[PDB]
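Presented below is the structure to which this report refers.
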Amino acid sequence: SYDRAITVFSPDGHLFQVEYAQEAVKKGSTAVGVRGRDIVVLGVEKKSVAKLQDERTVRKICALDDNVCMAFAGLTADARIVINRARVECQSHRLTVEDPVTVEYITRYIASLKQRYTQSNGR
Amino acid sequence: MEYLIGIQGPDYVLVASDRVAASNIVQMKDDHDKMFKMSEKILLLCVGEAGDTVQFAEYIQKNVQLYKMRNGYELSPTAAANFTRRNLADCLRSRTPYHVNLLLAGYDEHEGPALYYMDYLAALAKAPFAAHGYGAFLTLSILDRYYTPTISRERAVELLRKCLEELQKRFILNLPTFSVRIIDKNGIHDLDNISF
Amino acid sequence: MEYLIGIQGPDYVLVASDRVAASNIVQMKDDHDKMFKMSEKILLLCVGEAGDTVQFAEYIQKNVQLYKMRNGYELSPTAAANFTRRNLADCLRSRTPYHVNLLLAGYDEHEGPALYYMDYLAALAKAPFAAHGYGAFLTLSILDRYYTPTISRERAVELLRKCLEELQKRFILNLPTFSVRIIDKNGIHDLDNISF
Amino acid sequence: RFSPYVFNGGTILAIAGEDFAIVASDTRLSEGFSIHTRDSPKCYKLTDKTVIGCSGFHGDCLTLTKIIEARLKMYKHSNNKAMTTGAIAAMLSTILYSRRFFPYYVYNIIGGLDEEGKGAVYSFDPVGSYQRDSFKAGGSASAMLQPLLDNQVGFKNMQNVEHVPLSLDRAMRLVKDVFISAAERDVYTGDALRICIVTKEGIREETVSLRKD
Amino acid sequence: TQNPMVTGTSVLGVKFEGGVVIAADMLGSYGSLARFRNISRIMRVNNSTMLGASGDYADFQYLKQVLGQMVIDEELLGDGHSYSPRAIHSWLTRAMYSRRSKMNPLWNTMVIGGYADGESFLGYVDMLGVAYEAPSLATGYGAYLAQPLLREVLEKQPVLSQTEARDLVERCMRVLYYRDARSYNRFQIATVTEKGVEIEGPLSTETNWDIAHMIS
Amino acid sequence: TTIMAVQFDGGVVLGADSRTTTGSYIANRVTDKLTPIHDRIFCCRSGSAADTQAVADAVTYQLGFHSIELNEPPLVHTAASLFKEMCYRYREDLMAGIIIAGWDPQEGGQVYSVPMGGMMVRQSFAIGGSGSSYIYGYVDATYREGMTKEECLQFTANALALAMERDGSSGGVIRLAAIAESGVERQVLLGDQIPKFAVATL
Amino acid sequence: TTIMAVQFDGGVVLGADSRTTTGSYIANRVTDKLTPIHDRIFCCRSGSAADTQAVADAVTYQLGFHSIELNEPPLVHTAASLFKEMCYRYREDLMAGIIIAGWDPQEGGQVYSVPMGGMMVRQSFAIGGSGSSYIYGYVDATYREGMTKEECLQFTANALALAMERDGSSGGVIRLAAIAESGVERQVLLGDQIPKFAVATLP
Amino acid sequence: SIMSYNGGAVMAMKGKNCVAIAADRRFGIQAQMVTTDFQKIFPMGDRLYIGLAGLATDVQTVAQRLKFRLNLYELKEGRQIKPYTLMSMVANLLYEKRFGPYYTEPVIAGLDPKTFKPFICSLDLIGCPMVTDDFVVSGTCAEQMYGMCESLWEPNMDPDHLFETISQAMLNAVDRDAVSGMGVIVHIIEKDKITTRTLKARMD
Amino acid sequence: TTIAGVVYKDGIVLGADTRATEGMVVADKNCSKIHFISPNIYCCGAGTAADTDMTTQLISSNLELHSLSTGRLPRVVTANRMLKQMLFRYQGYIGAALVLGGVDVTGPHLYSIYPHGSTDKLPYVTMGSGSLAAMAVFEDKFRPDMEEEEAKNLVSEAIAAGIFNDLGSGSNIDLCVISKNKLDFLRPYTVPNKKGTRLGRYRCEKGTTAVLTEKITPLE
Amino acid sequence: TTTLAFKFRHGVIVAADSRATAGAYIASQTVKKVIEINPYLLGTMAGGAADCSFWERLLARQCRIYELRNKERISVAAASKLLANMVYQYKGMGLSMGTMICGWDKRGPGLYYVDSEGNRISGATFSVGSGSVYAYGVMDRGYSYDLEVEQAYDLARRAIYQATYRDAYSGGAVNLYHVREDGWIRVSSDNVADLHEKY
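Residue numbers (the deposited numbering), protein chains in the order written: chain Q, 2 to 124; chain X, 1 to 196; chain J, 1 to 196; chain Z, 1 to 213; chain a, 1 to 216; chain N, 1 to 202; chain b, 1 to 203; chain I, 1 to 204; chain H, 1 to 220; chain Y, 1 to 199.
Given below as structure tokens:
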């Protein structure tokens, strides 16, 4: 198996792979979310409108459970991986606690997934 | 023994199940639900070995709900039946088998209503009516006697009540109440619990 | 499985039995009497293995009747109980053993009322209240909680109705109706069937 | 077929006090209808405040007490302090459940001092259910010694008797009397009585004689 | 071993003042057949430890293999540490218990005699891990026919001389030859002392058959 | 247990060991397995000890009563037939292997085998017991047509020594009996009188 | 089966019968139960035929590779230690009693028994199989110290003929093999070549 | 086990010129308690009792057939039975069922009807008599009773200390057995009186 | 149980212990395991205790019938034949393992009788669970034609070895010395085991036990 | 063993006996069969004492990990679901566990019966043990949701008393706890001999 340390430190104290993943986010479309009183509104940029494009498959706003959805910015393939991982974890949490997730729970899961791919070998 | 029954009309599926959880001499729970909502138009009714029923059916339920989350559309009741049959048949020869008897009720928008029998070996059988438990031996002949494929749901509830009156008359276990649901194009509906 | 109960008051014995004969999942009979009148003031109540009940209990019945005809007076409930226990213990290690569980109720002229417990091994015990079946497990605690030795027969039928309502609530077997009798100084009285 | 077990006999006993615990046992190791040795004590020093009594299958007794000594050293290394008696009790609960599906056929009674300086007895089943007691017999004559200590230490079924505190000397005489009474009637109990007295001064050790038949 | 095949009978052992003596006959029995009649069921472990084993003899050859390789691997180091007899006894206790716990026992019962630092050692180990020390040991039918004689002498006179221990051993082997159906009139006596382990063999018993005429 | 009887010209030589085992404990190490059934007819008892003692006492009874009625010495084939009828009639209740050997004026020295199952066969030499299995090859190689009394005593002694050496169920002393017309000579071989053989050392 | 191997001065004599039974049906009546492990080392096979063939093949493999590594003729103790290691490691798996007998330049003619269970012992003579029980007494009263090659061949042939006479699982022909420094001489006794012993008929 | 099917716990203790016999009072079919007033000590004379533990149907059967044989004996012979002779009678009755055996183990406690010497003994299920001079115990809590009696019995007790000793023995012995207990009845048998007491026992 | 017997120059020394066990619990501390058969013949008993009791009582009774009929003193071989034929008749189900010793007109005779019905006429026999310890003592120290007291010390040593080396044996040594001139039934011969002195005091005084009901019934 | 529990208007009353038997020998009279999982959940002990003790201690460990990770206490439903998923991995492996997870959560009072066979059912009343049927008798005859609190204590004590009276394997003390909204409390430990004098 491939086990090189991809994400390492630098003499200035920096994890360059993490900063470059942040650069990969900053080339993605602008996802904007505003939390209101009884509604939360997500809105993303299309930026490649391209009237031959069927607009359903390139929706950057995805639902994670009955009460949690998400929008992303960056690499849509990484995004789709993290979205499927989070949908699986929402179902596992409904299974094991007989309650839906909080947004804090699935946010903590997604963030721990991203952090574990900042520190594991070969990732 | 625990009793399930489904009745499949022209545009509906009528299912009932006994509402009893027992521990071998005592009825520990007399308001116990054996029906499991897979999706908005699919019920999975499960009886069998203790523990295997809830574990297997909540596995099936989370994978069907996960299909809907991944895909934006639900499984058809045919696909849900074959998925359930496939997981039960794969676990049949594993280290941890599931000894569960299953009625998968469902309404598809194109296929219409659909009922599926499934024994513990995972043989899948689409049926116009089906039942499990030892009360099936008493009630399936009444269903053979009185069912026509064009049955209205009011006559279906009367036929269901004939089966449950037979269970009160002739069957040896006390099964006083029966959770009765119906699935149609408007979803799953709790009907009145047939009580005795 | 088959339920007996006796409640012995100051000048009476209240006895009840379930009224159901069963064949493995079905009830074949729902007006089935488990009380066999030995004499004018003695009831035997007999449950147990099929076949052995009617054979043993009708043996005891014809021999108590033979005693009355030979002697011009009846056996006491003590003497009938000890005769029944002697025949059930003498058949215990023989080639034909009876697997029968017995209640012997009865009113004696001199000794008052008497209720006798006897199991299939034929150990005979005299009891203020006693019960056979798996429903004995659910109802002897109600009896222990609510029996007083000075219980009136109306209060005793009330306590019996509490025990049978516990059978309807908690016990798994369909036991809808119960034959109910009181033995007095006036003989054996049929009460109403406690039905549900 | 091969059986991984044998019953080696031996009665163990603990009594808690106000400022002591006494752990006692016979020294007879047996097997079947023969005596292996007449000098095989069943009490094992664990800390300065803890003695364990082990009876049952003696291979599991040797293995189990060496595991407890190893784990006491592991605790004292990683935690820089000796185990308390309640910690030894809970650890032995997890150890005896760690072999739930192939059990130690060992009867365990931990006796010692707690952190308040008082007596503590912890009696276990072979799969690790422990509770804290004031006295417990375990082993071969446990059914012979547990009623008399319910009588004489527990003060049960005695009317009109003041429930005096249990001294060291009266409890020592109780231990010696219950083991003479057990060595009369139990065939696995005999040859000597090893008594370990856990006080705050230390663990002192005292052997007396029993029947050799 | 689930089913032992060629086995040995009783191995004796008794401490004396200045060492330990053990004894075992020279027979491997394959059932009731006295099949292998010149085998040595006594191992010299090292300079101060010796072993003798009842039970299955292939497992005793495995333990000779492993334990001799242990004492070779220890003496290669040249650091002035030898295994004590108690250390061999502890190693065998752990080995037999670990084989028990896998449900794959070594079908033996072993008597580890030794003499280290002016202190005699005599330790019992069987196929289950039941291990202890005693002034006199006897396995098999020796626990029934020789351990009575051994413990009766060792209760009267707790400290033996070497000739008193040897006489007691030979007389116990005579009793084992009269009344054990799997014994044999050919045995080794091994004595560890301060001078080392000394295996004498083969020795035989002088039997007495005067009661063969005492019928009528 | 090893029992043995050899026919010679003039009479028979019987032999047995003396070991009775209870499992692998020697309950009796001087057992007399050579039972005098009549004055010149012995049997060799192998198998269950209660069974063999019962059948030997019963055939002793029937044979002595037979001989007093007929006012003659009994035949060896008659005692062998009585063992055959008893050991075949109760063959599921008995575990008894018998060698009947004796002399009679009508038919000389005779050896009959009655093994477990209850059959009966006349032989020149018979061996039985759990240790006879170890000397079948020896007695096939060593038995010569027409040995004398001393040669049959030596042959029986050597074969019983070999069977005692290899069988654990066998052992003890060798009890010999030689039955002829003049009477019964019995002898016990013990210690150095039992024929030693060398173990193949080195 | 009856297998046998006798040591003399300068080598060994091996001998086996030839009967393989499937219950009481003689499946092979000319079975070669002597197997050349190396050039001056044989093994006698008794027990399960599949087990003994597989173990003899595997020890032939290991011993040939060992002898090519060491640039030496192998020892007979080495071949017997290999059989012991494989028959002890799989003692719950096998029904295999092996007599390993051969010659080596360092120690001479050697016979080792590796019986079932998997122990190992050097013996002057060794017997094995179901039929060896019938000739324990003969080989004990007959074996002499200091026998020649011809006396050991005749002793092996006689004891095999006796065991083949009384055992039903033994029979067929006698396959002998004498192994010395000069080589291996194998021979089959059959018909009248097998030693006859006269049945004691009633005179 | 057939003995432990109903429970049962009887002991008999010897005093100076007095004996004590005591039994528990539970009749239970396995775990389920049925009555708390079962008779396990029957009278076999004025100063002679037998106590029967074990299977309750054989307690009744053995006691009734012993009372049969005993009344026939005491009428045909014209004397009260000696307690040793009663022991032999019980031993014969139990050994007649040697391969079909009554699952009860009697204890006999009494005084000699001519000497007033204390007699105690007990038997196994096939009739092996066992006379002691200190105590005999029998039942499903045998080892508890051996511990309590071996500790508490002292020789030459008056009937008050005999009552206290057999009472503490029975109470603390049956309070460590599940299927025994639910009361203890104690019969002190003196020369001039029979004292019968039932005890404040635990009822669980 | 350890029972044992030898033949000395003038007679028979039988020996037994006194412990009876019910399981692994000492039930009787002072059981009498040496049984009367006739005034010259006693029998030690081991195995099923009720079987040995009733077996020896029936054979003792039949020798009493026999010797009343003959008018002679009964022989040890008569008791032997009665015992072994009844035990063979009962197929070994009566587990009477018996040591039969006695002195008659032909001298001292000693028998060991197995439950299936086989007998051994030997100069020294042992039975019980502690039989191998006692046979180790006999095979160690038996001489033919000992004195009386040498045989008594030997049999008490065999029983003592069975007592201290077998769990099912203990509490006392009985002997029965039989000769032509006497019958010394020595019960007990040796008390090897003393109960340890009670260190405490457990005399629960009057009023310690709570009484629910009391019924006093006076007698004559 | 006899345990019970019932939800009523003022919380959950949990009651148990204290007898552990090693077959017929009463091993102990002081067994704490109401396991104190955390300050907000109670569990009971029927079946194997070591199985119940271990698996509900591991449940307490996992519920405290849940509370640390999610900054809130676990519900009764999730706790009983964890216990059921823990013991489901040992079907046929011989776990003897029968227990009742009792607590308060945001859905009100909670009472889920969970055993080693794999049942996990909620309900108003339950009773678990060998003398559970004799507790169901008195409990079902005296139960209402509108029991007052002292009356609920009397009902549970009387039902455990009657079960100890009939069942041989039940006895000792009646340990009674009460789950309120602010956590459970220990109500009484009443010896069954004392309740025998009371009743």
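Just so you know, even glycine gets a beta-carbon here, dropped at the ideal spot from N, CA and C.
Q: Report yes if the C-beta distance between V107(I) and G51(I) is below 7 Å; otherwise report no.
A: Indexing the eighth sequence from 1 puts residue 107(I) at position 107. Indexing the eighth sequence from 1 puts residue 51(I) at position 51. Result yes, Cβ atoms of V107(I) and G51(I) sit closer than 7 Å.
**Q.** Per-residue contacts from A24(Y) into chain I (C-beta, under 7 Å)
**A.** Position 24 of the tenth sequence, counting from 1, holds the residue named residue 24(Y). Simply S4, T140, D177, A178, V179.
**Q.** Where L162(N) falls: helix, strand or coil (DSSP)
**A.** The sequence position of residue 162(N) within the sixth sequence is 162, counting from 1. Helix at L162(N).
**Q.** Where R170(X) meets chain J, residues with beta-carbon distance less than 7 Å
**A.** Walking along the second sequence from the start, residue 170(X) turns up at place 170. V26, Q27, listed in chain order.
Q. Helix, strand or coil: how does DSSP classify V159(a) here?
A. For the purposes of this step, residue 159(a) is taken as the residue at position 159 of the fifth sequence. If DSSP states are grouped into helix, strand and coil, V159(a) belongs with coil.
Q. Going along chain H, which residues have a C-beta under 9 Å from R204(Z)?
A. Locating residue 204(Z) in the fourth sequence gives position 204, counting from the first residue. Within chain H, no residue comes near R204(Z); the closest Cβ sits about 18 Å away, beyond 9 Å.
(Q) Using only the alpha-carbon positions, how far apart do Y3(Q) and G123(Q) sit? (A) Locating residue 3(Q) in the first sequence gives position 2, where the first residue counts as 1. Locating residue 123(Q) in the first sequence gives position 122, where the first residue counts as 1. Those two C-alpha atoms are separated by around 6 Å.
Q: Please confirm if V199(N) has its CB atom under 7 Å from at least one CB of chain a.
A: Stepping through the sixth sequence from its first residue, residue 199(N) is reached at position 199. The beta-carbon of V199(N) is placed less than 7 Å from the nearest beta-carbon of chain a.
Q) Where do the ends of the alpha helix (DSSP H) carrying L114(Q) lie? A) Translated into the one-based positions of the first sequence, residue 114(Q) becomes position 113. It spans 104-117 - the alpha helix (DSSP H) in which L114(Q) sits, taken as one unbroken run.
Q: Figure out for me which residue from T2(Y), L59(Y), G23(Y), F8(Y) has the closest Cα to the Cα of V31(Y).
A: For the purposes of this step, residue 31(Y) is taken as the residue at position 31 of the tenth sequence. Comparing alpha carbon positions, the residue from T2(Y), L59(Y), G23(Y), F8(Y) closest to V31(Y) is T2(Y).
**Q.** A181(a) vs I26(N) beta-carbon contact at 7 Å
**A.** Residue 181(a) sits at position 181 when you count from the first residue of the fifth sequence. Residue 26(N) sits at position 26 when you count from the first residue of the sixth sequence. In contact: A181(a) and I26(N) (Cβ atoms closer than 7 Å).
Q. Which residue from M1(X), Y73(X), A16(X) puts its Cα closest to that of residue 198(X)?
A. In the structure displayed, chain X extends from 1 to 196; residue 198(X) sits before or after that span and is not available.
**Q.** Local conformation of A23(I) per DSSP, three classes
**A.** The sequence position of residue 23(I) within the eighth sequence is 23, counting from 1. In the structure shown, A23(I) sits in a strand (DSSP, three-state: E or B).
Q: In the DSSP assignment, find the beta strand (DSSP E) that holds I50(I) and state where it starts and stops.
A: Reading the eighth sequence from its first residue, position 50 is the one you call residue 50(I). Per DSSP, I50(I) belongs to the beta strand (DSSP E) from 48-54.
Q. What is the DSSP secondary structure of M86(b), counted as helix, strand or coil?
A. Here residue 86(b) is taken as the residue at index 86 of the seventh sequence, counted from 1. DSSP places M86(b) in helix when its eight states are reduced to three.
**Q.** Proximal residues of chain a, C-beta to C-beta of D32(N) below 8 Å
**A.** For the purposes of this step, residue 32(N) is taken as the residue at position 32 of the sixth sequence. Those within 8 Å of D32(N) in chain a are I215.
(Q) Once DSSP output is grouped into helix, strand and coil, what is the label at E72(N)? (A) Residue numbering aside, residue 72(N) sits at position 72 when the sixth sequence is read from its first letter. Three-state result, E72(N): coil.
Q. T139(X) and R19(X): beta carbons closer than 7 Å?
A. To locate residue 139(X), count along the second sequence from 1; it is residue 139. To locate residue 19(X), count along the second sequence from 1; it is residue 19. No, the pair does not count as a contact, with Cβ atoms beyond the cut-off.
Q. Roughly how many angstroms separate the alpha carbons of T198(I) and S170(Y), rounded to a whole number?
A. Sequence index remark: in the eighth sequence, residue 198(I) carries index 198 (1-based). Sequence index remark: in the tenth sequence, residue 170(Y) carries index 170 (1-based). Approximately 23 Å between the Cα atoms of the pair.
Q: Kindly list, in the order they appear in chain N, the residues whose Cβ is closer than 7 Å to that of residue 217(a).
A: In the structure displayed, chain a extends from 1 to 216; residue 217(a) sits before or after that span and is not available.
Q: Answer yes or no: do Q144(I) and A143(Z) have a C-beta to C-beta separation smaller than 7 Å?
A: Against the eighth sequence, residue 144(I) aligns to sequence position 144. Against the fourth sequence, residue 143(Z) aligns to sequence position 143. In this structure, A143(Z) lies closer than 7 Å to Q144(I) by Cβ.
Q | Cβ contact check for the region 171-185 of chain X and the region 113-126 of chain J: 3 or more pairs under 8 Å | A | no
**Q.** Among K15(a), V20(a), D25(a), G31(a), nearest to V6(a) - alpha-carbon criterion
**A.** The residue given as residue 6(a) occupies position 6 in the fifth sequence. Residue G31(a) is the option with its Cα nearest to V6(a).
Q: Would you verify that the beta carbon of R88(Q) is, or is not, closer than 7 Å to some beta carbon of chain X?
A: The count along the first sequence starts at 1 and reaches residue 88(Q) at position 87. Closer than 7 Å to some Cβ of chain X, the Cβ of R88(Q) qualifies, so yes.
Q: Would you kindly check if the distance between the Cβ of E56(Y) and the Cβ of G48(Y) is under 7 Å?
A: Working through the tenth sequence from its first residue, we reach residue 48(Y) at position 48. Working through the tenth sequence from its first residue, we reach residue 56(Y) at position 56. When the beta-carbon positions are compared, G48(Y) and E56(Y) stay at least 7 Å from each other.
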